[PDB]
Amino acid sequence: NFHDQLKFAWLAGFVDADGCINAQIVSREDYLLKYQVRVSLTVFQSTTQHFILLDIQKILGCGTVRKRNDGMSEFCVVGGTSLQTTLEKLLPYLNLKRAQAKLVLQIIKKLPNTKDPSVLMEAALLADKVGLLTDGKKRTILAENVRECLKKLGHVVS
Amino acid sequence: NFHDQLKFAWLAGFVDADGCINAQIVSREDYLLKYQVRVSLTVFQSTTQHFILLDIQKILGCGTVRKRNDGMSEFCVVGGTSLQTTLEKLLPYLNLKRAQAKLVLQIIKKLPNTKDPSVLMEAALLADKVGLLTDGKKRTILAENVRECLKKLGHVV
DNA sequence: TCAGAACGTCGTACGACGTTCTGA
DNA sequence: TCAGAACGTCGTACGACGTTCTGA
Ligand SMILES: [Ca+2]
Ligand SMILES: [Ca+2]
């Protein structure tokens, strides 16, 4: 692992630059609560170097690689189980994205209990908090969307 | 020390992603041979995180930081002396860009003798091979232009 | 009902050039 | 004459979303 820690450090550098540690509110039509707080780590690269994404997945021992239809490729670790393990590996070497990683780790604490509306609501608040740290400009689903909906659904939060 | 090389491994990962190890032929009108082969490592980032570039310079202990006029900032290490040292630190850890690093290291061997047009010509040929590895689409000055010019200048390749 | 796998694309933060300033 | 320091900006390779597919 003296060896491994060099890999993780390298990877941390790569994610700090060409990566994206994020947390979204995704609409889920068949969820009782209508929404999920998705958490993810993602690495982007031109498909012409698709292989490096496969090397990251080997390093982490989880996650998926895909080519998108525009010449780009992506590596993605989605969801509490895989992500938490991944982020603890990178956390000591992350510099730019340590805020998002720590925040996402708080979200992951909550995900087992997001069938409870107040918990789902907590997580979504945290999710918006991550979105302020990123360079996103297309984010439309906010915590206030969740709060309006939860209320309309008959639940009680604040 | 292992703490240093965790820094360099991180830096390598950062350069691999948001960096640029490069070689260009720059026009220099007061040069006898009219051209320089410039070598450089550069790290880009939005000025809103200007500070990270200052950390990289602290880690490398050389190079310069600048704010560009479009919200971007850059950390640059230019030229053989400081560059060779930098690239040797990162080389064990670079993955995407190890080819440019090695190629540029070949160029750096030649730079102390680029008053010799035959040597300038070799360097310029190498600088072209680095450019084929980058995603550049704006490259104008090729080795062919150095050769055309040297010959016009009365030199022999 | 869940929720990852797999996906499609908008907007710019990068990359990667070429050029002028400065001074050895 | 050199050659880094400092520069200005074009074109896209990224980021960072939101949506459909699949199956537990
Ligand atoms: Ca970046
Ligand atoms: Ca990149």
Side-chain angles (χ1 to χ4, degrees), chain A residues 15 17-40 42-49 62-74 76-83 97 100 111 114-115 130-131 133-141, chain B residues 15 17-40 42-49 62-74 76-83 97 100 111 114-115 130-131 133-141:
Chain A
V15 181
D18 262 12
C20 166
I21 303 174
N22 198 15
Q24 305 177 61
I25 304 172
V26 324
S27 106
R28 292 292 198 175
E29 293 290 89
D30 45 20
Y31 269 44
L32 285 187
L33 301 181
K34 304 310 177 155
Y35 290 101
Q36 181 203 2
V37 185
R38 172 181 298 160
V39 288
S40 49
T42 304
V43 174
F44 312 88
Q45 200 66 15
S46 194
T47 309
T48 61
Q49 324 175 264
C62 70
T64 55
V65 175
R66 66 134 170 167
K67 323 187 172 183
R68 18 193 277 214
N69 70 345
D70 72 348
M72 285 297 294
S73 289
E74 287 189 2
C76 191
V77 182
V78 207
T81 302
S82 303
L83 191 43
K97 319 239 157 180
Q100 298 98 294
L111 295 187
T114 53
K115 295 187 167 212
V130 176
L133 299 174
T134 78
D135 291 345
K137 288 185 179 177
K138 252 208 321 190
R139 187 144 220 167
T140 57
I141 318 192
Chain B
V15 184
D18 269 12
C20 165
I21 293 169
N22 198 13
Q24 343 167 28
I25 306 170
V26 327
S27 151
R28 298 285 211 174
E29 284 179 62
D30 48 17
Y31 269 50
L32 283 175
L33 310 182
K34 306 308 179 164
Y35 290 99
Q36 183 199 4
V37 178
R38 167 180 299 156
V39 290
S40 86
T42 315
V43 178
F44 314 83
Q45 201 64 22
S46 170
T47 311
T48 57
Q49 287 100 50
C62 67
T64 67
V65 178
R66 69 151 170 147
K67 316 194 170 190
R68 316 166 3 175
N69 73 342
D70 68 345
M72 288 296 300
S73 297
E74 298 189 357
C76 197
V77 177
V78 194
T81 305
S82 31
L83 192 43
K97 262 139 194 176
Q100 293 102 289
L111 290 184
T114 54
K115 275 154 166 181
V130 177
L133 295 177
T134 82
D135 296 306
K137 285 181 183 176
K138 236 207 291 194
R139 167 101 60 175
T140 277
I141 312 176

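Chain letters run A, B, ... following the sequence lines, proteins first, then strands; residues in each count from 1.
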**Q** In whole Å, what is the span from the CG atom of B:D30 to the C1' atom of C:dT22?
**A**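 In whole Å, C:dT22 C1' lies 12 Å from B:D30 CG.
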**Q** Fill in the dot-bracket string of DNA chain D, one character per base: . for unpaired, | for a pair to another strand, ( ) or [ ] for pairs within the strand, taking Watson-Crick or G-U pairs under 3.5 Å.
**A** ||||||||||||||||||||||||
**Q** How many Å lie between CG on A:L111 and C1' on C:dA3, as a whole number?
**A**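 Result: 11 Å.
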**Q** Under the rule for side chain to side chain donor-acceptor pair (under 3.5 Å), what residues qualify as partners of A:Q45, not counting sequence neighbours?
**A**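 Testing A:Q45 for side chain to side chain donor-acceptor pair (under 3.5 Å), a comparison that skips the adjacent residues, returns A:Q49.
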**Q** Give the table of side-chain donor-acceptor pairs shorter than 3.5 Å for residues 18-33 of chain A, with sequence neighbours excluded, one pair per line with atom names and distance.
**A**
{"residue": "A:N22", "atom": "OD1", "partner": "A:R139", "partner atom": "NH1", "Å": "3.4"}
{"residue": "A:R28", "atom": "NE", "partner": "A:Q36", "partner atom": "OE1", "Å": "2.9"}
{"residue": "A:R28", "atom": "NH2", "partner": "A:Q36", "partner atom": "OE1", "Å": "2.9"}

**Q** What integer distance in Å separates A:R28:CZ from D:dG23:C1'?
**A** 12 Å
**Q** Considering residues at least two apart in sequence or located in another chain, which fulfil the side-chain contact (heavy atoms from CB on, under 4.5 Å) criterion with A:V65?
**A**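 Once residues adjacent in sequence are excluded, the partners of A:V65 under the side-chain contact (heavy atoms from CB on, under 4.5 Å) criterion are A:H50, A:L53, A:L54, A:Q57, A:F75.
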**Q** Taking atom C1' of C:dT1 as reference, at what distance in whole Å does atom CD of A:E29 sit?
**A** 13 Å
**Q** Please list, chain by chain and in numerical order, all residues satisfying side-chain contact (heavy atoms from CB on, under 4.5 Å) with A:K34, sequence neighbours excluded.
**A**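 Testing A:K34 for side-chain contact (heavy atoms from CB on, under 4.5 Å), a comparison that skips the adjacent residues, returns A:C149, A:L153.
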**Q** So, A:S40 side chain and A:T42 main chain: donor-acceptor pair closer than 3.5 Å or not?
**A** no
**Q** Looking at residues at least two apart in the chain, or sitting in another chain, which of them share a side chain to side chain donor-acceptor pair (under 3.5 Å) with B:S46?
**A**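 Only B:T48 meet the side chain to side chain donor-acceptor pair (under 3.5 Å) criterion with B:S46.
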**Q** If you sort sugars by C1'-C2'-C3'-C4', with positive as north and negative as south, where does D:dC14 go?
**A** south
**Q** I want to check one thing: is the phosphate of C:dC7, taken as OP1 and OP2, less than 4.0 Å away from some side-chain N or O of A:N69?
**A**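 A:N69 to C:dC7 OP1/OP2: no side-chain N or O under 4.0 Å.
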**Q** Which residues satisfy the side chain to side chain donor-acceptor pair (under 3.5 Å) test with B:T47, sequence neighbours excluded?
**A** B:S73
**Q** In whole Å, what is the span from the NZ atom of A:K34 to the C1' atom of C:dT1?
**A**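 The answer, rounded to whole Å, is 11 Å.
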**Q** Could you run through nucleotides 13-19 of chain D and give me one letter per nucleotide, 5' to 3': B if any protein heavy atom sits under 4.0 Å from the base, S if only the sugar-phosphate is that close, - if neither?
**A** SBBBBBB
**Q** Does any pair with a residue in residues 64-74 of chain B pass salt bridge (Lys or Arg N to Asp or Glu O under 4.0 Å), and if so which ones, sequence neighbours excluded?
**A** B:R66-B:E74, B:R68-B:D70, B:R68-B:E74
